[PDB]
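Have a look at the structure below before the remarks.
What follows is calculated from the coordinates using simple rules that are stated; it is not laboratory data. Every residue, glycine among them, receives a Cβ derived from its backbone with ideal geometry; neighbour counts consider all protein chains shown.
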Amino acid sequence: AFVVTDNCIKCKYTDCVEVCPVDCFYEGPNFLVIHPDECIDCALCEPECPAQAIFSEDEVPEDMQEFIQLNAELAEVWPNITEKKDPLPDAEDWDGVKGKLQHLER
Ligand code: SF4
Ligand code: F3S
């Protein structure tokens, strides 16, 4: 699986969905996740994310490990998203701010 990590939050550019061949992204109000059983590890989404928030499971930074299970969990409850949309309105302001998990919306 690939995994969406902290920097997506309050950014949610959604560039990642457009290259995904198996449509395994799931949408929250201010974050996206990857369903780990559906992802085929094609890695195509990684360079597409302007927030640089996507990692191979086995490359998630130590300080963002909680994102692995959180993707798996939210992918069960959020709706599939398969089309790009506009980034969140103040994405640029939040791109690169650390610790945005505190802002994650369910
Ligand atoms: S690695 Fe490939 S299959 Fe998995 S989420 Fe990214 S684009 Fe989709
Ligand atoms: S910011 Fe989030 S919505 Fe996709 S393009 Fe990056 S993982």
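Of the listed peptides 79-86, 90-97, what is their order by residue-averaged count of other C-beta atoms within 10 Å, with the highest listed first?
90-97, 79-86
Can you give me the relative contact order of the chain as a percent, contacts being Cα pairs under 8 Å and 6 or more apart?
46 percent
Could you point to the residue in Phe31, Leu88, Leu101 farthest towards the positive end of the chain's charge dipole, with +1 and -1 charges on the Cβ of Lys/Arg and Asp/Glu respectively?
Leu88
Listed highest first by mean packing, meaning other Cβ atoms within 10 Å per residue, what order do 58-68, 25-35, 44-54 come in?
Output ranking for 58-68, 25-35, 44-54: 25-35, 44-54, 58-68.
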